[PDB]
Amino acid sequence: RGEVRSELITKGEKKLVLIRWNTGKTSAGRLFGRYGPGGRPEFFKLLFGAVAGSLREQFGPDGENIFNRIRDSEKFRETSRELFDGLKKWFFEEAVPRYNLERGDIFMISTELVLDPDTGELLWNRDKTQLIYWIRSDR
């Protein structure tokens, strides 16, 4: 898969972006490790496309200006790292033992984020995080 959906929400005069993000069918090495494009976690590339795409959806072409501003701000970079660490921790420390996942297993994660386009602050709606995973036929 690899699906992104968004909508605006209003808080006083501020508009925020609710983003529903599915990573697509992937593996731990590809998503969180060095087997993704380059020798890099694909996570960041996926996340960044999800944000830029949602900004364009909700605010039109000036969405790209918003993105270009926040993209290299301390707040966006830091909170994107906090998302990466929090999701990775959730996957290895909760999902893996919960579902008896093994090395090389395939899965997709769907989660929800709220982006403050003013500050570049990215909030993880952890309560909505879900895993779909692939199980060996004999089970």
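Residue indices: 1-based, along the sequence shown.
- Remark: stretch with higher mean C-alpha B factor among 40 to 48 and 74 to 82 is 40 to 48.
- Remark: stretch with higher mean C-alpha B factor among 54 to 62 and 31 to 39 is 31 to 39.
- Annotation for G120: CA B-factor lies in the lowest third of the chain's modelled residues.
- Per-chain ranking of the deposited C-alpha B factor places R103 in the highest third.
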